[PDB]
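See structure below.
Read the figures in this text as sums done on the coordinates, not as results from a lab. Quick reminder, even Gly has a Cβ in these numbers, built from the backbone with ideal geometry, and neighbours come from all protein chains shown.
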Amino acid sequence: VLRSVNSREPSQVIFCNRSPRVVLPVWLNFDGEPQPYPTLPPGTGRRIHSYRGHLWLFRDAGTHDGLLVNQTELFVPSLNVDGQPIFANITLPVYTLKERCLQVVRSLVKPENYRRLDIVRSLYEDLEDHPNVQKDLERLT
Amino acid sequence: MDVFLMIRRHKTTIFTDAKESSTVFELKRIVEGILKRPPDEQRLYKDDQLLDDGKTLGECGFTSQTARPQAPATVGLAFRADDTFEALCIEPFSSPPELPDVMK
Amino acid sequence: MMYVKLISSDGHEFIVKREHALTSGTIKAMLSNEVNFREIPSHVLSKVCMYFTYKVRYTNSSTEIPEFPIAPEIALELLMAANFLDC
Ligand SMILES: CC(=O)N[C@H](C(=O)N1C[C@H](O)[C@@H](F)[C@H]1C(=O)NCc1ccc(-c2scnc2C)cc1)C(C)(C)C
C-alpha cells in the first residue's frame, strides 16, 4: 500500500537536517521496502535528486527514533515551480516525556540489562520495543 | 521575547514566563496574584543580587536564550515579615540516587 | 491566570499554570487545586514541570525544536513518573 510511484518525473529536493540527530533518510521503493540512504549530520543539508510521487521518511540513524519532515511523517516530492527545489525540513518531534525518557534510558543501558532495571515489567517491554521503520509502516497503514 | 522562569523561595517554586521587556515590579505583581503578597513585601534576586523594580528582566540578564522553557532561569524571592525582610533562602531540590550499575 | 499546586514527596511545592498541568491525564483526574505526589521527589517533579512548559511552547510551532534534556541520574525515576502521569 505505502510505496513510491514509478513516475520517472524528476523532482529536485533539499534535505535539511534541523535536528541535533544524525538523520537516516529512508526511501520507500516500488514494492514498499524501505531503502536507507546516506546519513546527514546535525544542522547539515544535501541537494538530492528524487521524483514526483516518491515517499520518504526520516529517522535518527543511530537509534531509529522517529523524526518529522515538514511537520509530518512522510515527505512526497512535488512538481518544481520555476526550477526551484522543494524543501524537506527535518526536525525533532515533541516526544512525550515517556518516549524521551525511554530514548535516554536506552542510550545508557545495554539491551541485555533492561530486565535488571527496577521498574514494572511493562516498562521493560516498552524499552525492548524500540523504534523501527517496519513497525511504523504497519502503523501508518 | 518570552523568558521562562522559576520563581523560588524556601520550598515554593512558581513556573511562569514573562517578557524580556517587562519589569521586576511587573514580576512582583505576578507573584502577588499567586502568593497573595503585595510588591512592597517582596524582594526579587538574581543569585544574591537584589533586583530594582524599574529594570527590565532583560537588563537583569533574563534573556530569551538563557531563560528557556526546558531550562528556566531562577528568580529568588524573599518576603517581609512585620518590619524586616527574611534573608534569601532557597531549599535545594532532592538529590538523585547513585546510577545503577547497568547505567555505567 | 489559573494555577495549580503540585507537591513533591519531599514537600517542594510547584506552582504551574492549570493548562500546563492538564498535559497529564492523571493530574486532570486528581484535580477533577493541589495534588500531592508521594512517590515523586522534587528533582523529578521539577523536570516534569519543565517538560510541561517545553511541550506547550513547542507543540504546533515551526521554530526549530530543541532537544528536551534529561540527565542520566534522573532518567530512570523520570521514566517511572512519566509512565504514572501518562505524559
Ligand atoms: C527513476 C527512479 O525512480 N530512480 C530511482 C532513483 O533514482 N531514486 C529514488 C529516490 O527518488 C531517490 F533516492 C533517487 C535517487 O536514488 N537519487 C540519488 C540519491 C543519492 C544520494 C542521496 C542522498 S540522501 C542523503 N545524502 C545523499 C547524498 C539522495 C538521492 C532508483 C533508485 C530506482 C534508481
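Quick notes
- Cα Rg, Dmax (largest Cα-Cα span) when computed across the protein assembly as shown, Å: 23.6, 82
- Put the Cα centre of segment B:47-86 next to the Cα centre of segment A:1-27 and the gap is 47 Å.
- The value obtained for segment A:92-141, namely the Cα convex hull volume divided by the number of residues, is 101 Å³ per residue.
- Counting, for every residue in A:113-122, the Cβ atoms of other protein chains within 10 Å of its Cβ and taking the mean gives 3.
- Evaluated with a Cβ-only charge set (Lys, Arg +1; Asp, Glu -1), segment B:30-77 carries a dipole of roughly 220 debye about its Cα centre, given to the nearest 20.
- Summarising the strand pairing of the protein assembly as shown, around 75 percent of its internal DSSP beta bridges are antiparallel.
- Under a model in which nothing but the beta-carbon of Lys, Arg (+1) and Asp, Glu (-1) is charged, chain C shows a dipole of about 320 debye around its Cα centre.
- Charged-residue dipole, Cβ positions (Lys, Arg, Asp, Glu), chain A about Cα centre, Debye nearest 20: 300 debye
- Average other protein chain Cβ within 10 Å of Cβ, residues C:9-21: 4
- Ranked list, fewest to most other Cβ atoms within 10 Å of each Cβ, for A:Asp136, B:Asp47, B:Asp83: B:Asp83, B:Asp47, A:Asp136
- For segment A:2-91, the antiparallel share of DSSP beta bridges with both residues in that region comes to about 80%.
- The 3J(HN,Hα) values that the Karplus relation (6.51, -1.76, 1.60; θ = phi - 60°) gives for segment A:112-120 are, in residue order, 5, 10, 3, 4, 6, 5, 8, 8, 4 Hz. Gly and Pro appear as x.
- Spread over its residues, the convex hull of the C-alpha atoms of segment A:2-141 is 114 Å³ per residue.
- Gap separating the Cα centres of segment B:1-33 and segment A:92-126, nearest whole Å: 34 Å
- Global form of chain B, assessed from the alpha-carbon gyration tensor, a/c cut-off 1.5: oblate
- Working from Cα pairs under 8 Å separated by at least six residues, relative contact order for chain A is 25 percent.
- Between A:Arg3 and C:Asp10, the simple spin-label model (points 7 angstrom out along Cα→Cβ) gives 5.8 nm.
- Here the gap between B:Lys104 and B:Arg80, fully extended at 0.36 nm per residue and compared with their Cα-Cα distance, gives a gain of 3.9 nm.
- Degrees between helix B:24-35 axis and first principal axis of chain B (Cα, 0 to 90, nearest 10): 70 degrees
- Taking a ≥ b ≥ c as the square roots of the eigenvalues of the alpha carbon gyration tensor, chain C is oblate, as a/c is not under 1.5 and a/b does not beat b/c.
- Footprinting exposure proxy for B:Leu88, B:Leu27 (fewest neighbouring C-beta atoms within 10 Å first): B:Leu88, B:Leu27
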